[PDB]
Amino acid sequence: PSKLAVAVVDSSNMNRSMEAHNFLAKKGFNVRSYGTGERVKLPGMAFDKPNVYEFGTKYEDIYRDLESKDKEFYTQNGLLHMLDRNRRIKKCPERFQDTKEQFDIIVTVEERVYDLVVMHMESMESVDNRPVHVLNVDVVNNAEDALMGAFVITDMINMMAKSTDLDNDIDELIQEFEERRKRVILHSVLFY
């Protein structure tokens, strides 16, 4: 129950960001989630040619679409299980490049997403001159690793929420968190 505005960003806003969104919302954080990809991309029947949707498509509609295609296979892998949690959290997956929302902390789940977030915020001229900490926490794109990743991200945000002056303590906090968790956390500052 801090006043930190937090965003978790991945590629599709389907697996990794929603897993983190779920646990952070339960912890009482002001949390939002987005995807950096051009379109929403879910895995399919085999390698390549997967399920593609436009950003703004309801999770409910994606659930019903995968249900009509193959209700049995998409239950066995667990994509319908995943789509059920997302519809409970929010209406549809959102794109980071299109949001006008402002945050204190932006967490990306892989270096490629980090680059896309940082490129986008730099492409826009500063108005409020308000800084935002952009952090990278590597999360492998699978159900098991998205779950473990969501615990690491909740952990990191909780440690940051405890600080009385996040700006003045963040570099030391990351450094100690990196050491304890045997992780590399890229950290940059961007402006609104």
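Take the two forms, superpose them, and find the largest set of C-alpha atoms that agree within 1.5 Å; that set is the rigid core. Counting begins at 1, following the sequence as shown.
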(request) Determine, for 24-32 and 46-54, which one has C-alphas that on average lie farther from this form in 4 other deposited structures of this protein; superpose on the rigid core first. (result) 46-54
(request) Compare 1-9 with 181-189 and report which one shows the larger root mean square C-alpha deviation from this form in 4 other deposited structures of this protein once the rigid core is superposed. (result) 1-9
(request) With reference to the PDB entry, specify whether the mean Cα temperature factor is higher for 23-31 or for 146-154. (result) 146-154
(request) Check the entry's C-alpha temperature factors for 104-112 and 77-85, then say which stretch has the higher mean. (result) 77-85
(message) I'd like to know which of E67, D138, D167, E125 has the highest C-alpha temperature factor in the PDB entry.
(response) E67
(message) Just to confirm, going by the entry's C-alpha B-factors, which of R130, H133, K41, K162 comes out highest?
(response) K41
(message) Using the temperature factors of the C-alpha atoms in this entry, rank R95 within its chain: lowest, middle or highest third.
(response) middle
